[PDB]
Amino acid sequence: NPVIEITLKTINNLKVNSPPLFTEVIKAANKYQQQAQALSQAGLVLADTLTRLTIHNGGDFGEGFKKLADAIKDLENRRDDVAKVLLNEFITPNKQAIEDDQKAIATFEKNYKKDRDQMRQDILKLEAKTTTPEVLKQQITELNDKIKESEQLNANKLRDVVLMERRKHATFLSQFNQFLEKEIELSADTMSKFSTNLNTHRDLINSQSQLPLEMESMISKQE
Amino acid sequence: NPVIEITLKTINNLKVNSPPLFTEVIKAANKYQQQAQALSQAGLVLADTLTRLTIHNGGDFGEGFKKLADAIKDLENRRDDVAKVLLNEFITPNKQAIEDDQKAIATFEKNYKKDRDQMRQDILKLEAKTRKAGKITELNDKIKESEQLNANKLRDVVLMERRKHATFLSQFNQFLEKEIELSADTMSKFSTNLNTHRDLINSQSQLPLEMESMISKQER
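Chains as they are written, first to last, in the deposited numbering: chain B, 9 to 138, 145 to 237; chain A, 9 to 143, 154 to 238.
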């Protein structure tokens with residue numbers, strides 16, 4: 009029976025195959041998050057070294073260095089927040105969900121054995137409840159009714175478990191989406207910020223051959 | 009002489025202050041680049057665990073998992089490219105720049121002194137001269163020649179500092195441009211993933227036709 013076969017196969021997948029595989033994704037995501045924080049902190053140190061350029065270097069270039077430092081700092085702070093989202097919105101909630109689901113499939117399987125065994129019973133007894147054609151008949155149309163009733167249980171239980179699997183997967187994606195949205199946000203902030211620095215640097219680079227006019231104004235004044 | 013003092017202050021800054029400050033930037037950047045590679049490698053692992061969900065899970069969700077893993081894989085490989093650009097285009101070239109700039113200000117100072125002194129030896133011998141020759155506008159003029167040797171050397175050294183800072187920014191820009199490129203691809207790819215996920219999530223309570231048809235086939 010195909011209906012029963014897929015039900016059993018879907019049950020095996022959720023109880024046996026799924027929990028370790030999804031748990032590997034969690035471990036992998038947990039490590040990724042840790043490395044993201046590491047990159048974030050390495051970014052802040054870099055930002056600080058750029059700020060320290062402004063100790064002895066003022067003027068417009070000094071302004072550029074400070075502006076570059078502030079941009080990198082702000083972006084690296086936001087990368088940290090991205091890592092936190094992956095941890096708080098995916099890793100921890102899905103870890104809990106993996107275990108909750110693992111218990112839910114145990115229960116469904118129990119009730120599956122029970123309902124199918126209960127159905128086995130009062131079909132045997134309705135079988136073993138068995145001469146005028148108006149007696150054998152209502153014994154026949156009754157046995158068949160219980161079989162059409164058992165068949166409807168198998169199909170209901172197939173729906174129930176297939177939908178249990180789709181709801182598990184949808185929750186997985188729905189939680190992972192929180193990290194994706196924040197990644198998109200960070201990327202958008204990066205494009206917005208780094209373009210302003212590029213524009214500033216380009217004007218700075220194109221002006222490397224001209225003295226600042228407060229430099230000049232000092233030369234004219236000397237007399 | 010504010011013209012002269014700024015000149016000495018710029019020689020000192022380029023000679024003494026700047027090289028350790030810029031070297032520290034190179035160091036912090038090398039560390040940043042390495043953490044970026046580590047993050048990239050951890051990402052590849054993550055994309056692998058996602059792909060492995062396809063073994064037992066297929067249909068629409070399985071294909072969703074695959075496209076998610078593929079998206080993360082491409083992006084984390086691009087993050088590695090970005091880290092390379094920072095190393096090959098900024099870290100390595102500016103390391104050489106700092107060394108070269110040290111030789112430059114060294115050579116400059118050698119000639120800043122050599123020329124400034126020889127000027128004094130000439131200016132004294134000339135005021136020493138017309139003293140015993142009136143017993154002289156060339157004096158006035160030669161004095162204005164010094165004020166030109168000074169002002170030129172000031173321009174020269176401030177421009178040396180400007181070129182140094184320009185080169186620094188120009189090399190760093192290569193990395194910024196690649197960060198921007200990575201950000202654009204991230205927005206594009208993840209936006210596609212979100213759209214795929216919305217469809218899947220919205221259809222979690224819908225039994226596939228292949229299931230509905232299998233059920234009906236059992237009744238016959």
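A virtual CB, placed ideally from N, CA and C, is assigned to each residue, including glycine.
query                                                                                                                                                : result
Would DSSP call A/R181 helix, strand or coil?                                                                                                        : helix
Which residues in the same chain have their Cβ closer than 7 Å to the Cβ of B/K74, if we skip the five residues on either side of it in sequence?    : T59 and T62
Which of helix, strand or coil does DSSP assign to A/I161?                                                                                           : helix
On the CB-based measure, 16 or more other CB atoms within 10 Å of its CB, does A/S223 come out buried or exposed?                                    : exposed
Look up B/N9 in the DSSP assignment and say whether it is helix, strand or coil.                                                                     : coil
So the candidates are B/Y120, B/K196, B/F193 and B/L218; which of them puts its Cα closest to the Cα of B/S164?                                      : B/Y120
With 7 Å as the C-beta to C-beta threshold (strictly closer), list the residues of the region 31 to 49 of chain B near chain A in chain order.       : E32, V33, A36, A37, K39, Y40, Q43, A44, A46 and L47
State the start and end residues of the unbroken alpha helix (DSSP H) segment that holds B/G70.                                                      : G67 to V93
Would a check of beta-carbon distances place A/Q189 closer than 8 Å to chain B?                                                                      : no
What separation, rounded to the nearest whole angstrom, lies between the Cα atoms of B/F193 and B/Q110?                                              : 24 Å
Buried or exposed for A/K143, please, with buried defined as at least 16 other CB atoms from any protein chain shown within 10 angstroms of its CB.  : exposed
Identify the continuous alpha helix (DSSP H) that holds B/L54 and give its terminal residues.                                                        : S26 to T59
Mind listing the chain A neighbours of B/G72? Cutoff is C-beta to C-beta under 9 Å, in chain order.                                                  : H183 and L187
Within its chain, find whatever has a CB closer than 8 Å to the CB of A/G70; leave out the 5 residues flanking it on each side and keep chain order. : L61 and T62
Between B/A46 and A/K196, what straight-line distance do the alpha-carbon atoms span, to the nearest angstrom?                                       : 20 Å
Just the C-alpha distance for A/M127 and A/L157, rounded to the nearest angstrom, thanks.                                                            : 12 Å
Does the beta-carbon of A/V24 have 16 or more other beta-carbons within 10 angstroms, so that it is buried, or is it exposed?                        : exposed
Hey, A/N38 and A/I99 are a contact pair by Cβ (cut 8 Å); roughly how many whole angstroms apart?                                                     : 6 Å
Taking 8 Å as the threshold (C-beta atoms), are A/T204 and B/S48 in contact?                                                                         : no
Judging by CA-CA distance, which residue of B/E230, B/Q104 and B/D82 is the nearest neighbour of B/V53?                                              : B/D82
Is the beta carbon of B/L95 closer than 8 Å to that of B/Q41?                                                                                        : yes
Between B/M127 and chain A, is there a C-beta pair that is closer than 8 Å?                                                                          : no
For A/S26 and B/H64, what's the separation of their Cα atoms in angstroms?                                                                           : 8 Å
Let's test the definition: count the other Cβ atoms within 10 Å of the Cβ of B/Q104 and tell me whether it reaches 16, buried, or not, exposed.      : exposed
Going by CA-CA distance only, name the one from B/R180, B/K207 and B/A91 that's closest to A/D217.                                                   : B/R180
Name, please, each residue of chain B whose Cβ falls closer than 7 Å to the Cβ of A/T57.                                                             : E32, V33 and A36
Quick check on B/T146 - is its C-beta less than 8 Å from some C-beta in chain A?                                                                     : no
Measure the CB-CB distance between A/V176 and B/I233 and report whether it falls below 8 Å.                                                          : no
When the cut-off is 8 Å and only beta carbons count, does B/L95 lie next to chain A?                                                                 : no
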